[PDB]
Structure formats: C-alpha cells, structure tokens
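Participant: This is target-v4.pdb (PDB, C-alpha atoms and all ligand atoms).
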ATOM      1  CA  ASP T   1     -18.842 -28.365  -9.950
ATOM      2  CA  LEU T   2     -15.815 -26.777  -8.253
ATOM      3  CA  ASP T   3     -14.805 -28.908  -5.264
ATOM      4  CA  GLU T   4     -12.037 -28.461  -2.707
ATOM      5  CA  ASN T   5      -9.675 -30.231  -5.127
ATOM      6  CA  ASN T   6     -11.065 -28.589  -8.294
ATOM      7  CA  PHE T   7     -12.009 -25.059  -7.243
ATOM      8  CA  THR T   8      -9.681 -23.282  -9.698
ATOM      9  CA  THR T   9      -9.925 -25.889 -12.472
ATOM     10  CA  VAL T  10     -13.512 -25.424 -13.693
ATOM     11  CA  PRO T  11     -14.286 -21.821 -14.718
ATOM     12  CA  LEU T  12     -17.485 -20.581 -13.098
ATOM     13  CA  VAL T  13     -20.385 -19.779 -15.433
ATOM     14  CA  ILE T  14     -22.825 -17.115 -14.250
ATOM     15  CA  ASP T  15     -26.300 -15.967 -15.263
ATOM     16  CA  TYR T  16     -27.091 -12.936 -17.418
ATOM     17  CA  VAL T  17     -30.246 -11.872 -15.549
ATOM     18  CA  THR T  18     -28.394  -8.838 -14.177
ATOM     19  CA  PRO T  19     -25.315  -7.042 -15.537
ATOM     20  CA  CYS T  20     -21.927  -7.846 -14.051
ATOM     21  CA  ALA T  21     -21.637  -6.783 -10.415
ATOM     22  CA  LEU T  22     -18.051  -5.664 -11.119
ATOM     23  CA  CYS T  23     -18.322  -3.873 -14.479
ATOM     24  CA  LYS T  24     -22.087  -3.480 -15.180
ATOM     25  CA  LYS T  25     -21.829  -5.351 -18.500
ATOM     26  CA  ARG T  26     -24.856  -7.346 -19.623
ATOM     27  CA  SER T  27     -22.876 -10.141 -21.298
ATOM     28  CA  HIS T  28     -19.204 -11.101 -21.244
ATOM     29  CA  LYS T  29     -17.025 -12.983 -23.708
ATOM     30  CA  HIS T  30     -15.977 -15.749 -21.305
ATOM     31  CA  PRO T  31     -17.028 -17.133 -17.906
ATOM     32  CA  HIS T  32     -15.310 -16.149 -14.683
ATOM     33  CA  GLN T  33     -12.373 -17.890 -13.016
ATOM     34  CA  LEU T  34     -11.007 -18.326  -9.489
ATOM     35  CA  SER T  35      -7.316 -18.395  -8.581
ATOM     36  CA  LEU T  36      -5.288 -18.651  -5.376
ATOM     37  CA  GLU T  37      -2.527 -16.205  -4.441
ATOM     38  CA  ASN T  38      -0.979 -15.842  -0.966
ATOM     39  CA  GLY T  39      -4.075 -17.172   0.760
ATOM     40  CA  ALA T  40      -6.414 -14.910  -1.218
ATOM     41  CA  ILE T  41      -8.955 -15.947  -3.846
ATOM     42  CA  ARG T  42      -8.855 -13.740  -6.939
ATOM     43  CA  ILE T  43     -12.009 -13.719  -9.073
ATOM     44  CA  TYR T  44     -11.620 -12.495 -12.644
ATOM     45  CA  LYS T  45     -13.034 -13.085 -16.111
ATOM     46  CA  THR T  46     -11.094 -14.715 -18.940
ATOM     47  CA  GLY T  47     -10.771 -13.520 -22.514
ATOM     48  CA  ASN T  48     -10.873  -9.734 -22.265
ATOM     49  CA  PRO T  49      -8.885  -8.899 -19.103
ATOM     50  CA  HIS T  50      -9.720  -5.194 -18.956
ATOM     51  CA  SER T  51     -13.460  -5.877 -19.303
ATOM     52  CA  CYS T  52     -13.838  -7.112 -15.708
ATOM     53  CA  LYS T  53     -12.030  -5.688 -12.699
ATOM     54  CA  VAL T  54     -10.301  -8.243 -10.487
ATOM     55  CA  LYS T  55     -12.021  -8.999  -7.180
ATOM     56  CA  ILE T  56     -10.227 -10.306  -4.086
ATOM     57  CA  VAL T  57     -11.572 -12.370  -1.182
ATOM     58  CA  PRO T  58      -9.286 -13.208   1.778
ATOM     59  CA  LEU T  59      -9.364 -16.410   3.819
ATOM     60  CA  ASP T  60      -7.737 -14.784   6.831
ATOM     61  CA  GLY T  61      -8.239 -17.062   9.826
ATOM     62  CA  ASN T  62      -7.780 -15.836  13.411
ATOM     63  CA  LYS T  63      -9.828 -18.567  15.111
ATOM     64  CA  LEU T  64     -11.247 -16.162  17.684
ATOM     65  CA  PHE T  65     -12.647 -13.961  14.923
ATOM     66  CA  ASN T  66     -14.239 -17.018  13.324
ATOM     67  CA  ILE T  67     -15.818 -17.932  16.661
ATOM     68  CA  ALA T  68     -17.140 -14.389  17.043
ATOM     69  CA  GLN T  69     -18.589 -14.503  13.533
ATOM     70  CA  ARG T  70     -20.272 -17.855  14.171
ATOM     71  CA  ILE T  71     -21.783 -16.628  17.444
ATOM     72  CA  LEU T  72     -23.120 -13.591  15.595
ATOM     73  CA  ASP T  73     -24.577 -15.844  12.893
ATOM     74  CA  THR T  74     -26.793 -17.628  15.428
ATOM     75  CA  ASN T  75     -28.259 -14.172  16.191
ATOM     76  CA  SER T  76     -28.153 -14.339  19.981
ATOM     77  CA  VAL T  77     -26.628 -10.940  20.871
ATOM     78  CA  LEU T  78     -28.526  -7.790  19.938
ATOM     79  CA  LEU T  79     -27.931  -4.082  20.500
ATOM     80  CA  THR T  80     -30.926  -2.255  21.938
ATOM     81  CA  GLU T  81     -31.695   1.340  21.000
ATOM     82  CA  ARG T  82     -30.648   2.481  24.483
ATOM     83  CA  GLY T  83     -27.135   1.175  23.820
ATOM     84  CA  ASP T  84     -27.263  -1.920  26.047
ATOM     85  CA  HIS T  85     -26.734  -5.424  24.693
ATOM     86  CA  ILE T  86     -29.341  -8.142  25.213
ATOM     87  CA  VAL T  87     -28.512 -11.844  25.023
TER      88      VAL T  87
ATOM     89  CA  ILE I   1      -7.752  31.422 -17.238
ATOM     90  CA  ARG I   2     -10.629  29.499 -18.851
ATOM     91  CA  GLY I   3      -8.111  26.847 -19.881
ATOM     92  CA  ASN I   4      -5.193  26.910 -22.295
ATOM     93  CA  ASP I   5      -5.068  25.518 -25.836
ATOM     94  CA  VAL I   6      -1.370  26.271 -26.479
ATOM     95  CA  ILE I   7       1.286  23.638 -25.769
ATOM     96  CA  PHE I   8       4.875  24.843 -25.425
ATOM     97  CA  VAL I   9       7.521  22.219 -26.183
ATOM     98  CA  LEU I  10      11.310  22.010 -26.042
ATOM     99  CA  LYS I  11      13.360  20.043 -28.565
ATOM    100  CA  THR I  12      16.083  19.158 -26.033
ATOM    101  CA  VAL I  13      11.395  25.213 -28.616
ATOM    102  CA  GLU I  14       7.946  25.709 -30.135
ATOM    103  CA  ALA I  15       4.360  26.654 -29.280
ATOM    104  CA  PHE I  16       1.939  24.335 -31.077
ATOM    105  CA  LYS I  17      -1.788  23.656 -30.910
ATOM    106  CA  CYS I  18      -3.536  20.284 -30.726
ATOM    107  CA  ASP I  19      -3.879  19.927 -34.498
ATOM    108  CA  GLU I  20      -0.398  21.381 -35.029
ATOM    109  CA  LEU I  21       1.181  18.983 -32.530
ATOM    110  CA  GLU I  22      -0.701  16.022 -34.011
ATOM    111  CA  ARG I  23       0.422  16.908 -37.543
ATOM    112  CA  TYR I  24       4.030  17.453 -36.455
ATOM    113  CA  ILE I  25       4.106  14.129 -34.589
ATOM    114  CA  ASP I  26       2.613  12.320 -37.585
ATOM    115  CA  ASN I  27       5.189  13.907 -39.899
ATOM    116  CA  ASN I  28       8.191  13.273 -37.617
ATOM    117  CA  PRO I  29       7.878  10.120 -35.473
ATOM    118  CA  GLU I  30      11.427  10.328 -34.110
ATOM    119  CA  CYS I  31      11.316  13.978 -33.005
ATOM    120  CA  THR I  32      11.928  14.346 -29.263
ATOM    121  CA  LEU I  33       9.685  17.048 -27.786
ATOM    122  CA  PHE I  34       9.156  17.785 -24.090
ATOM    123  CA  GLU I  35       5.932  19.522 -23.066
ATOM    124  CA  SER I  36       6.495  22.320 -20.552
ATOM    125  CA  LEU I  37       4.985  25.616 -19.398
ATOM    126  CA  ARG I  38       5.402  28.633 -21.670
ATOM    127  CA  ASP I  39       5.012  30.991 -18.692
ATOM    128  CA  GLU I  40       5.039  29.791 -15.089
ATOM    129  CA  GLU I  41       3.219  32.810 -13.650
ATOM    130  CA  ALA I  42       0.581  33.316 -16.347
ATOM    131  CA  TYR I  43      -1.044  29.859 -16.588
ATOM    132  CA  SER I  44       0.162  28.021 -13.490
ATOM    133  CA  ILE I  45      -3.089  26.012 -13.460
ATOM    134  CA  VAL I  46      -2.262  22.537 -14.816
ATOM    135  CA  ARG I  47      -3.597  19.003 -14.566
ATOM    136  CA  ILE I  48      -2.462  16.373 -12.048
ATOM    137  CA  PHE I  49       0.158  13.953 -13.355
ATOM    138  CA  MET I  50       2.451  11.227 -12.051
ATOM    139  CA  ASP I  51       5.260   9.108 -13.491
ATOM    140  CA  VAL I  52       5.827   5.507 -12.407
ATOM    141  CA  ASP I  53       8.805   3.250 -13.177
ATOM    142  CA  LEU I  54       9.337  -0.297 -11.874
ATOM    143  CA  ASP I  55      12.076  -2.374 -13.520
ATOM    144  CA  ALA I  56      10.169  -5.652 -13.651
ATOM    145  CA  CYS I  57       7.560  -7.442 -15.753
ATOM    146  CA  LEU I  58       4.086  -8.274 -14.444
ATOM    147  CA  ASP I  59       1.227 -10.309 -15.884
ATOM    148  CA  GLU I  60      -2.258  -8.971 -16.632
ATOM    149  CA  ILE I  61      -3.936  -9.934 -13.348
ATOM    150  CA  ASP I  62      -1.187  -8.568 -11.099
ATOM    151  CA  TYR I  63      -0.969  -5.350 -13.104
ATOM    152  CA  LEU I  64      -4.752  -4.918 -12.963
ATOM    153  CA  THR I  65      -5.075  -5.384  -9.208
ATOM    154  CA  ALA I  66      -1.989  -3.263  -8.534
ATOM    155  CA  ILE I  67      -3.253  -0.390 -10.680
ATOM    156  CA  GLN I  68      -6.657  -0.518  -8.969
ATOM    157  CA  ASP I  69      -5.051  -0.262  -5.531
TER     158      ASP I  69
HETATM  159 ZN    ZN K 101     -18.128  -7.974 -15.881
END
Written as structure tokens, how would this file's structure read?
Ligand SMILES: [Zn+2]
Facilitator:
Amino acid sequence: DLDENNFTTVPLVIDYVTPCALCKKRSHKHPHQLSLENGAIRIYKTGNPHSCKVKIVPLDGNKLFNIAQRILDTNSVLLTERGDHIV
Amino acid sequence: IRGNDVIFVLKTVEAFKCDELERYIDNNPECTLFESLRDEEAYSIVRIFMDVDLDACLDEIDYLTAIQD
C-alpha cells in the first residue's frame, strides 16, 4: 500500500501475533508510521509517543558497498574453518 | 553507609526526611530549596546525576531519538 510516492502517507498496520519488537507491548493504540529525515527512515508509532521507541534505518549508499552486499547475497564466497576463502 | 534517608537543603538550611520534604513542598510551592550534602566526608556516596540545558525547542520524535542516543 505504501509505494515510492506514498511511503510516508499511509501508516503501516502490523499484526498482533507477537508483542512489539521495540517495546514488547501486545497491542498499541495506533499503527506505525514511516518518515524521512536526512536520508534516514524513522519508524515510530502514532498516538502515544512514549509507548514505542523510535527506530532508524539508513539508506547510506556507497555503490561499492552495495555491490559487495549483492555479491554476498548470491552466496558464492564462503569462509572455511581453516580460515581460507572458497569461491 | 547502608544508604541515607536524610536530605539536607539550603534556602539560598534544614535537614528533612522524605515525608517531611513532601509535606513542606506541598505546603509551600514557592519555597526555593537546594539539596546538598550535610557532611562531605561522612556520606560521600551519592547517586549519579547530570544537568542538561539547550536553548531550543524540539518536537516529540527528535527529543525521543536524541534522548535514546
Ligand atoms: Zn510497541
């Protein structure tokens, strides 16, 4: 429901199967919400502000780090117990 | 030491307890009392405290993340 043009517009509704991963509360007054600040996505609940701690996720960049992450995702390099990499 | 239950205060002096200090504060809201140490050598064990002052206004989200960090 939240697209690239409407990521921060629609508050995100979560499930109550498990308590909140940020504050261990079973149920919360209002659904969560995403906001953008200085290239960082802040995730926080609405209504009671002190109920949920604010989480931060950075969209850093550094193309070479992204390439390294993608090459790791394919799972082609491994570290053997002897300490030598296998590819 | 086993802790201390006596609070020494200065009016700009007294030695009051928790109930005594609560009652005095309730009676006089405008009284200016500063909590200090009755004897530095005797009960030098105290809590850990800090005072923070920033002459600006912040919203709820910024204040929350800043206080966490
Ligand atoms: Zn929560």
Participant: At a cut-off of 8 Å, which residues of chain T touch chain I? Count all atoms listed in the file and give the answer as a list in words.
Facilitator: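 Interface list for chain T against chain I: residues 49, 50, 53 and 54 of chain T.
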Participant: Would you mind listing what lies within 9 Å of residue 11 of chain I as a JSON list (two decimals) with C-alpha atoms, in the frame of the given file, with all atoms listed in the file counted and same-chain residues fewer than 4 positions away left out?
Facilitator:
[["chain", "number", "residue", "atom", "x", "y", "z"],
["I", 31, "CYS", "CA", 11.32, 13.98, -33.01],
["I", 32, "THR", "CA", 11.93, 14.35, -29.26],
["I", 33, "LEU", "CA", 9.68, 17.05, -27.79],
["I", 34, "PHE", "CA", 9.16, 17.78, -24.09]]
Participant: Anything within 10 Å of (-5.1, 25.3, -24.1): list those residues as number ranges by chain, counting all atoms listed in the file and sticking to the file's coordinates.
Facilitator: I: 1-7, 16-18, 43
Participant: Taking the file as shown, what set of residues would the PyMOL selection byres (((not hetatm)) within 12 of (chain K and resi 101)) give back, as an MDAnalysis selection string?
Facilitator: chainID T and resid 14:16 18:33 43:55
Participant: For the atom pair atom CA of residue 71 of chain T and atom CA of residue 7 of chain T, what is the interatomic distance in Å to one decimal place?
Facilitator: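 We find that atom CA of residue 71 of chain T and atom CA of residue 7 of chain T lie 27.9 Å from each other.
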Participant: Is it possible to add N, CA and C atoms to segment 38-53 of chain I and hand it back as an mmCIF file, in the frame of the given file?
Facilitator:
data_model
loop_
_atom_site.group_PDB
_atom_site.id
_atom_site.type_symbol
_atom_site.label_atom_id
_atom_site.label_comp_id
_atom_site.auth_asym_id
_atom_site.auth_seq_id
_atom_site.Cartn_x
_atom_site.Cartn_y
_atom_site.Cartn_z
ATOM 1 N N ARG I 38 4.879 27.460 -20.977
ATOM 2 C CA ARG I 38 5.402 28.633 -21.670
ATOM 3 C C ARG I 38 5.700 29.763 -20.693
ATOM 4 N N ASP I 39 4.816 29.976 -19.721
ATOM 5 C CA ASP I 39 5.012 30.991 -18.692
ATOM 6 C C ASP I 39 4.516 30.428 -17.371
ATOM 7 N N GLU I 40 5.407 30.364 -16.380
ATOM 8 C CA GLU I 40 5.039 29.791 -15.089
ATOM 9 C C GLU I 40 3.980 30.630 -14.385
ATOM 10 N N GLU I 41 4.121 31.956 -14.417
ATOM 11 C CA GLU I 41 3.219 32.810 -13.650
ATOM 12 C C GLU I 41 1.853 32.936 -14.318
ATOM 13 N N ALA I 42 1.820 32.983 -15.651
ATOM 14 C CA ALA I 42 0.581 33.316 -16.347
ATOM 15 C C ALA I 42 -0.469 32.219 -16.196
ATOM 16 N N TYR I 43 -0.102 30.974 -16.490
ATOM 17 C CA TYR I 43 -1.044 29.859 -16.588
ATOM 18 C C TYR I 43 -0.616 28.715 -15.684
ATOM 19 N N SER I 44 -0.343 29.028 -14.416
ATOM 20 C CA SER I 44 0.162 28.021 -13.490
ATOM 21 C C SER I 44 -0.834 26.893 -13.247
ATOM 22 N N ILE I 45 -2.102 27.076 -13.612
ATOM 23 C CA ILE I 45 -3.089 26.012 -13.460
ATOM 24 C C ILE I 45 -2.798 24.916 -14.477
ATOM 25 N N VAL I 46 -2.555 23.700 -13.985
ATOM 26 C CA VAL I 46 -2.262 22.537 -14.816
ATOM 27 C C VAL I 46 -3.020 21.336 -14.264
ATOM 28 N N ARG I 47 -2.968 20.236 -15.006
ATOM 29 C CA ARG I 47 -3.597 19.003 -14.566
ATOM 30 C C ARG I 47 -2.757 18.347 -13.472
ATOM 31 N N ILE I 48 -3.182 17.163 -13.041
ATOM 32 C CA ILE I 48 -2.462 16.373 -12.048
ATOM 33 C C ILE I 48 -1.873 15.165 -12.759
ATOM 34 N N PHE I 49 -0.563 14.979 -12.622
ATOM 35 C CA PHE I 49 0.158 13.953 -13.355
ATOM 36 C C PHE I 49 1.151 13.254 -12.441
ATOM 37 N N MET I 50 1.458 12.004 -12.777
ATOM 38 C CA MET I 50 2.451 11.227 -12.051
ATOM 39 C C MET I 50 3.183 10.311 -13.019
ATOM 40 N N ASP I 51 4.425 9.981 -12.678
ATOM 41 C CA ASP I 51 5.260 9.108 -13.491
ATOM 42 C C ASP I 51 5.719 7.937 -12.639
ATOM 43 N N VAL I 52 5.553 6.724 -13.158
ATOM 44 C CA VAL I 52 5.827 5.507 -12.407
ATOM 45 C C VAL I 52 6.782 4.642 -13.215
ATOM 46 N N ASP I 53 7.794 4.090 -12.543
ATOM 47 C CA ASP I 53 8.805 3.250 -13.177
ATOM 48 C C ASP I 53 9.191 2.130 -12.223
#
